Each structure stands twice: as C-alpha cells, then as structure tokens.
Amino acid sequence: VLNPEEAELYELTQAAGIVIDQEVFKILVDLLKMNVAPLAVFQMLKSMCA
Amino acid sequence: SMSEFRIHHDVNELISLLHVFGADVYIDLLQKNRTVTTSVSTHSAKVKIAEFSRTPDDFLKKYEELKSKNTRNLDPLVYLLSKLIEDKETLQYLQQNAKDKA
C-alpha cells in the first residue's frame, strides 16, 4: 500500500501506540509533505470524527 | 492551483475513507500552511507519547533510528501523534475505522 519511506513512519506511529489504517496514514503524511501544519491536520481529523 | 487540486483530492479521499458528511472549511483550514518546530515542542510531544504507549522504547528507539536519517516531516508527524493521544475520542475513531477495513 505505502512505500519504504512511509512504511517507517507508520511503524513509528505504530510502536507509538496508535493504529490508523495505512490508507489514511498515507494521506496525513502527504498533507504534512505539502507543508500543512500538524495542528491543522489534527484539527480537521478531530472534526471529521463524531 | 494544481496544488489546490491535490489538497481537495486529499480531503475528498478522507471523507471517503472515514465515512463522513460542509467540508469547504477543511480546505480553508488546511490552506493556512505558511512554512518551524521548536526543540522543546518535539521533546514535550515525545515524552507524552512515550508515557502513553506500551513498548515506549520501541518508539524512542526507532525515533532515534529515523532522526539520524533526517527522514522527512519526522518531527511534525510526532507532534501530530502527541496531539492525537490527547483527544481520546478521535483516537478511538481512527482506531475503529482501521478495524472496519480488515
């Protein structure tokens, strides 16, 4: 699904204790790549959920 | 422009992937994205993760593996994970949405 670079970061978040499916992890990483503030990513993630 | 296209596609597939739904706010929210992490912030965030996770060494040990390689967006991604631990509701959603897709 996701490439060696992203595979590392996923393993990181994984051993960090959180689990999110590889597909959305890939987009998050991508949103970071386009230099979106992590807080903005978090805020919209929070809104998109319940 | 073809930047904004990519953002919209990203917002869109998340709506798809997370079973959502006005999401034009997400576009405005994500489109304020101006450049600057601090040395404490990543330390503050990092100690908070290591408290939360079981197997904290694994996280710290591969934090170390992966900083020496200067891997891209490592620190803003670690800041994000700390922010996600705090909000236990949306942590659990992501937790569940991942069970749905197995």
# chains A, B, ... in the order shown; residues from 1 in each chain; ligands from 1

call {"tool": "residues_around", "arguments": {"residues": "range 74-78 of chain B", "least_positions_apart": "2", "cutoff": "8 Å", "atoms": "only C-alpha atoms", "output": "list in words"}}
result
residues 9, 13, 29, 32, 37 and 38 of chain A; 37, 42, 45, 46, 66, 67, 70, 71, 72, 80, 81 and 82 of chain B

call {"tool": "write_last_selection", "arguments": {"atoms": "C-alpha atoms", "output": "mmCIF file, in the first residue's frame"}}
result
data_model
loop_
_atom_site.group_PDB
_atom_site.id
_atom_site.type_symbol
_atom_site.label_atom_id
_atom_site.label_comp_id
_atom_site.auth_asym_id
_atom_site.auth_seq_id
_atom_site.Cartn_x
_atom_site.Cartn_y
_atom_site.Cartn_z
ATOM 1 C CA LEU A 9 6.756 6.465 9.760
ATOM 2 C CA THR A 13 3.218 5.735 14.845
ATOM 3 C CA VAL A 29 1.918 12.095 5.647
ATOM 4 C CA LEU A 32 2.408 17.102 6.007
ATOM 5 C CA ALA A 37 0.636 22.499 9.995
ATOM 6 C CA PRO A 38 0.273 19.302 12.076
ATOM 7 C CA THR B 37 9.131 23.394 15.012
ATOM 8 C CA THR B 42 9.264 17.787 19.857
ATOM 9 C CA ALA B 45 5.430 15.823 22.405
ATOM 10 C CA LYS B 46 7.880 12.931 22.506
ATOM 11 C CA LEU B 66 14.879 7.678 11.951
ATOM 12 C CA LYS B 67 16.159 11.110 13.064
ATOM 13 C CA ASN B 70 16.762 13.077 8.798
ATOM 14 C CA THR B 71 13.593 11.404 7.479
ATOM 15 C CA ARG B 72 11.118 13.935 6.166
ATOM 16 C CA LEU B 80 0.646 15.186 15.464
ATOM 17 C CA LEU B 81 0.675 11.836 17.271
ATOM 18 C CA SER B 82 1.005 13.599 20.635
#

call {"tool": "interface_residues", "arguments": {"of": "chain A", "to": "chain B", "cutoff": "8 Å", "atoms": "only C-alpha atoms", "output": "PDB file with N, CA and C atoms, in the first residue's frame"}}
result
ATOM      1  N   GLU A   5       9.573   4.718   2.642  1.00  0.00           N
ATOM      2  CA  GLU A   5       9.635   5.934   3.452  1.00  0.00           C
ATOM      3  C   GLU A   5       8.454   6.004   4.419  1.00  0.00           C
ATOM      4  N   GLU A   8       8.285   3.290   7.283  1.00  0.00           N
ATOM      5  CA  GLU A   8       8.991   3.647   8.512  1.00  0.00           C
ATOM      6  C   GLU A   8       8.113   4.479   9.438  1.00  0.00           C
ATOM      7  N   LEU A   9       7.592   5.598   8.933  1.00  0.00           N
ATOM      8  CA  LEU A   9       6.756   6.465   9.760  1.00  0.00           C
ATOM      9  C   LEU A   9       5.540   5.727  10.313  1.00  0.00           C
ATOM     10  N   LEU A  12       6.659   3.768  13.145  1.00  0.00           N
ATOM     11  CA  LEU A  12       6.842   4.720  14.232  1.00  0.00           C
ATOM     12  C   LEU A  12       5.525   4.978  14.943  1.00  0.00           C
ATOM     13  N   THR A  13       4.531   5.528  14.231  1.00  0.00           N
ATOM     14  CA  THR A  13       3.218   5.735  14.845  1.00  0.00           C
ATOM     15  C   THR A  13       2.693   4.446  15.465  1.00  0.00           C
ATOM     16  N   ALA A  15       4.470   1.725  16.839  1.00  0.00           N
ATOM     17  CA  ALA A  15       5.111   1.493  18.133  1.00  0.00           C
ATOM     18  C   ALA A  15       4.841   2.633  19.106  1.00  0.00           C
ATOM     19  N   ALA A  16       4.455   3.800  18.582  1.00  0.00           N
ATOM     20  CA  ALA A  16       3.986   4.897  19.412  1.00  0.00           C
ATOM     21  C   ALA A  16       2.644   4.611  20.054  1.00  0.00           C
ATOM     22  N   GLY A  17       1.989   3.515  19.674  1.00  0.00           N
ATOM     23  CA  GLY A  17       0.768   3.077  20.306  1.00  0.00           C
ATOM     24  C   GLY A  17      -0.500   3.300  19.505  1.00  0.00           C
ATOM     25  N   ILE A  18      -0.491   4.143  18.457  1.00  0.00           N
ATOM     26  CA  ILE A  18      -1.732   4.431  17.737  1.00  0.00           C
ATOM     27  C   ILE A  18      -1.854   3.511  16.529  1.00  0.00           C
ATOM     28  N   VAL A  19      -3.088   3.214  16.119  1.00  0.00           N
ATOM     29  CA  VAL A  19      -3.333   2.432  14.905  1.00  0.00           C
ATOM     30  C   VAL A  19      -4.329   3.183  14.048  1.00  0.00           C
ATOM     31  N   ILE A  20      -3.927   3.513  12.827  1.00  0.00           N
ATOM     32  CA  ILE A  20      -4.843   4.082  11.850  1.00  0.00           C
ATOM     33  C   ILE A  20      -4.505   3.382  10.553  1.00  0.00           C
ATOM     34  N   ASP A  21      -5.523   3.121   9.726  1.00  0.00           N
ATOM     35  CA  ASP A  21      -5.293   2.234   8.590  1.00  0.00           C
ATOM     36  C   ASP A  21      -4.384   2.915   7.577  1.00  0.00           C
ATOM     37  N   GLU A  23      -4.192   3.510   4.653  1.00  0.00           N
ATOM     38  CA  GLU A  23      -4.693   4.407   3.617  1.00  0.00           C
ATOM     39  C   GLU A  23      -4.792   5.848   4.111  1.00  0.00           C
ATOM     40  N   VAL A  24      -5.355   6.059   5.303  1.00  0.00           N
ATOM     41  CA  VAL A  24      -5.416   7.435   5.795  1.00  0.00           C
ATOM     42  C   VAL A  24      -4.052   7.898   6.288  1.00  0.00           C
ATOM     43  N   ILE A  27      -2.307   9.638   3.546  1.00  0.00           N
ATOM     44  CA  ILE A  27      -2.785  10.974   3.196  1.00  0.00           C
ATOM     45  C   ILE A  27      -2.273  11.998   4.194  1.00  0.00           C
ATOM     46  N   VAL A  29       0.537  11.901   6.077  1.00  0.00           N
ATOM     47  CA  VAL A  29       1.918  12.095   5.647  1.00  0.00           C
ATOM     48  C   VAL A  29       1.967  13.024   4.447  1.00  0.00           C
ATOM     49  N   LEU A  31      -0.346  15.270   3.551  1.00  0.00           N
ATOM     50  CA  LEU A  31      -0.725  16.613   3.957  1.00  0.00           C
ATOM     51  C   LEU A  31       0.434  17.303   4.643  1.00  0.00           C
ATOM     52  N   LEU A  32       1.201  16.545   5.425  1.00  0.00           N
ATOM     53  CA  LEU A  32       2.408  17.102   6.007  1.00  0.00           C
ATOM     54  C   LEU A  32       3.404  17.487   4.912  1.00  0.00           C
ATOM     55  N   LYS A  33       3.558  16.615   3.897  1.00  0.00           N
ATOM     56  CA  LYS A  33       4.507  16.862   2.810  1.00  0.00           C
ATOM     57  C   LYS A  33       4.206  18.165   2.097  1.00  0.00           C
ATOM     58  N   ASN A  35       3.264  20.697   3.450  1.00  0.00           N
ATOM     59  CA  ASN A  35       3.562  21.677   4.498  1.00  0.00           C
ATOM     60  C   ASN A  35       2.298  22.224   5.129  1.00  0.00           C
ATOM     61  N   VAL A  36       1.416  21.338   5.518  1.00  0.00           N
ATOM     62  CA  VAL A  36       0.272  21.754   6.311  1.00  0.00           C
ATOM     63  C   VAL A  36       0.696  21.610   7.754  1.00  0.00           C
ATOM     64  N   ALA A  37       0.292  22.568   8.582  1.00  0.00           N
ATOM     65  CA  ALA A  37       0.636  22.499   9.995  1.00  0.00           C
ATOM     66  C   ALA A  37       0.057  21.234  10.630  1.00  0.00           C
ATOM     67  N   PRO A  38       0.825  20.520  11.456  1.00  0.00           N
ATOM     68  CA  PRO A  38       0.273  19.302  12.076  1.00  0.00           C
ATOM     69  C   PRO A  38      -0.976  19.593  12.861  1.00  0.00           C
ATOM     70  N   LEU A  39      -1.023  20.772  13.469  1.00  0.00           N
ATOM     71  CA  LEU A  39      -2.189  21.164  14.235  1.00  0.00           C
ATOM     72  C   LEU A  39      -3.419  21.248  13.328  1.00  0.00           C
ATOM     73  N   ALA A  40      -3.263  21.828  12.130  1.00  0.00           N
ATOM     74  CA  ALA A  40      -4.347  21.867  11.140  1.00  0.00           C
ATOM     75  C   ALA A  40      -4.789  20.467  10.716  1.00  0.00           C
ATOM     76  N   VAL A  41      -3.827  19.578  10.469  1.00  0.00           N
ATOM     77  CA  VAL A  41      -4.171  18.189  10.195  1.00  0.00           C
ATOM     78  C   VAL A  41      -4.943  17.604  11.357  1.00  0.00           C
ATOM     79  N   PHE A  42      -4.438  17.798  12.577  1.00  0.00           N
ATOM     80  CA  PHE A  42      -5.135  17.272  13.739  1.00  0.00           C
ATOM     81  C   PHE A  42      -6.530  17.867  13.869  1.00  0.00           C
ATOM     82  N   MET A  44      -8.635  19.174  11.649  1.00  0.00           N
ATOM     83  CA  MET A  44      -9.604  18.602  10.716  1.00  0.00           C
ATOM     84  C   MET A  44      -9.861  17.123  11.001  1.00  0.00           C
ATOM     85  N   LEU A  45      -8.834  16.364  11.368  1.00  0.00           N
ATOM     86  CA  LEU A  45      -9.062  14.988  11.777  1.00  0.00           C
ATOM     87  C   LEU A  45     -10.048  14.915  12.932  1.00  0.00           C
ATOM     88  N   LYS A  46      -9.911  15.820  13.899  1.00  0.00           N
ATOM     89  CA  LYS A  46     -10.819  15.828  15.037  1.00  0.00           C
ATOM     90  C   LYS A  46     -12.228  16.142  14.591  1.00  0.00           C
ATOM     91  N   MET A  48     -13.617  15.697  11.541  1.00  0.00           N
ATOM     92  CA  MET A  48     -14.131  14.600  10.724  1.00  0.00           C
ATOM     93  C   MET A  48     -14.601  13.427  11.575  1.00  0.00           C
ATOM     94  N   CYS A  49     -14.340  13.423  12.872  1.00  0.00           N
ATOM     95  CA  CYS A  49     -14.704  12.298  13.726  1.00  0.00           C
ATOM     96  C   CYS A  49     -15.712  12.703  14.802  1.00  0.00           C
ATOM     97  N   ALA A  50     -16.851  12.012  14.816  1.00  0.00           N
ATOM     98  CA  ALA A  50     -18.003  12.174  15.735  1.00  0.00           C
ATOM     99  C   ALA A  50     -18.217  13.589  16.270  1.00  0.00           C
TER     100      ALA A  50
END

call {"tool": "closest_residue", "arguments": {"among": "B:39, B:24, B:68, B:86", "to": "residue 12 in chain B", "atoms": "only C-alpha atoms"}}
result
B:24

call {"tool": "atom_distance", "arguments": {"atom1": "CA of residue 4 in chain B", "atom2": "CA of residue 10 in chain A"}}
result
25.5 Å

call {"tool": "residues_around", "arguments": {"residues": "residue 22 in chain A", "least_positions_apart": "3", "cutoff": "8 Å", "atoms": "only C-alpha atoms", "output": "list in words"}}
result
residues 1, 2, 10, 25 and 26 of chain A

call {"tool": "decode", "arguments": {"residues": "range 12-34 of chain A", "atoms": "N, CA, C and O atoms", "output": "tab-separated table (two decimals), in the first residue's frame"}}
result
chain	number	residue	atom	x	y	z
A	12	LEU	N	6.66	3.77	13.14
A	12	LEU	CA	6.84	4.72	14.23
A	12	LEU	C	5.53	4.98	14.94
A	12	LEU	O	5.39	4.67	16.13
A	13	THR	N	4.53	5.53	14.23
A	13	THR	CA	3.22	5.73	14.84
A	13	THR	C	2.69	4.45	15.46
A	13	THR	O	2.04	4.47	16.52
A	14	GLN	N	3.00	3.31	14.84
A	14	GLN	CA	2.54	2.03	15.36
A	14	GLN	C	3.14	1.71	16.72
A	14	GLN	O	2.40	1.40	17.67
A	15	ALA	N	4.47	1.73	16.84
A	15	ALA	CA	5.11	1.49	18.13
A	15	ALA	C	4.84	2.63	19.11
A	15	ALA	O	4.96	2.45	20.33
A	16	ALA	N	4.45	3.80	18.58
A	16	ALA	CA	3.99	4.90	19.41
A	16	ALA	C	2.64	4.61	20.05
A	16	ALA	O	2.21	5.39	20.91
A	17	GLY	N	1.99	3.51	19.67
A	17	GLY	CA	0.77	3.08	20.31
A	17	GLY	C	-0.50	3.30	19.51
A	17	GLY	O	-1.53	2.74	19.88
A	18	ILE	N	-0.49	4.14	18.46
A	18	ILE	CA	-1.73	4.43	17.74
A	18	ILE	C	-1.85	3.51	16.53
A	18	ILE	O	-0.85	3.07	15.95
A	19	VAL	N	-3.09	3.21	16.12
A	19	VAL	CA	-3.33	2.43	14.90
A	19	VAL	C	-4.33	3.18	14.05
A	19	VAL	O	-5.44	3.48	14.50
A	20	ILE	N	-3.93	3.51	12.83
A	20	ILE	CA	-4.84	4.08	11.85
A	20	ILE	C	-4.51	3.38	10.55
A	20	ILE	O	-3.34	3.03	10.33
A	21	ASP	N	-5.52	3.12	9.73
A	21	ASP	CA	-5.29	2.23	8.59
A	21	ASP	C	-4.38	2.92	7.58
A	21	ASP	O	-4.43	4.14	7.38
A	22	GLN	N	-3.53	2.10	6.96
A	22	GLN	CA	-2.46	2.60	6.11
A	22	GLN	C	-2.95	3.64	5.12
A	22	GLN	O	-2.21	4.58	4.78
A	23	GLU	N	-4.19	3.51	4.65
A	23	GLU	CA	-4.69	4.41	3.62
A	23	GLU	C	-4.79	5.85	4.11
A	23	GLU	O	-4.38	6.78	3.41
A	24	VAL	N	-5.35	6.06	5.30
A	24	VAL	CA	-5.42	7.43	5.80
A	24	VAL	C	-4.05	7.90	6.29
A	24	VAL	O	-3.72	9.09	6.17
A	25	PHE	N	-3.24	6.99	6.83
A	25	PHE	CA	-1.91	7.40	7.23
A	25	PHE	C	-1.17	8.00	6.04
A	25	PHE	O	-0.56	9.07	6.16
A	26	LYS	N	-1.30	7.38	4.87
A	26	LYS	CA	-0.63	7.86	3.67
A	26	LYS	C	-1.03	9.30	3.34
A	26	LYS	O	-0.21	10.10	2.89
A	27	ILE	N	-2.31	9.64	3.55
A	27	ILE	CA	-2.78	10.97	3.20
A	27	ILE	C	-2.27	12.00	4.19
A	27	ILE	O	-1.95	13.14	3.84
A	28	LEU	N	-2.28	11.63	5.47
A	28	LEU	CA	-1.77	12.51	6.51
A	28	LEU	C	-0.34	12.91	6.20
A	28	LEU	O	-0.03	14.09	6.03
A	29	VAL	N	0.54	11.90	6.08
A	29	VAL	CA	1.92	12.10	5.65
A	29	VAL	C	1.97	13.02	4.45
A	29	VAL	O	2.81	13.92	4.35
A	30	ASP	N	1.06	12.82	3.50
A	30	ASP	CA	1.02	13.66	2.32
A	30	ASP	C	0.64	15.10	2.67
A	30	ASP	O	1.26	16.06	2.19
A	31	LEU	N	-0.35	15.27	3.55
A	31	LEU	CA	-0.72	16.61	3.96
A	31	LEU	C	0.43	17.30	4.64
A	31	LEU	O	0.66	18.50	4.45
A	32	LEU	N	1.20	16.55	5.43
A	32	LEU	CA	2.41	17.10	6.01
A	32	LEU	C	3.40	17.49	4.91
A	32	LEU	O	3.97	18.59	4.93
A	33	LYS	N	3.56	16.62	3.90
A	33	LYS	CA	4.51	16.86	2.81
A	33	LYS	C	4.21	18.17	2.10
A	33	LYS	O	5.12	18.84	1.62
A	34	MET	N	2.92	18.51	1.95
A	34	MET	CA	2.55	19.77	1.33
A	34	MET	C	2.55	20.91	2.33
A	34	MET	O	1.91	21.95	2.09
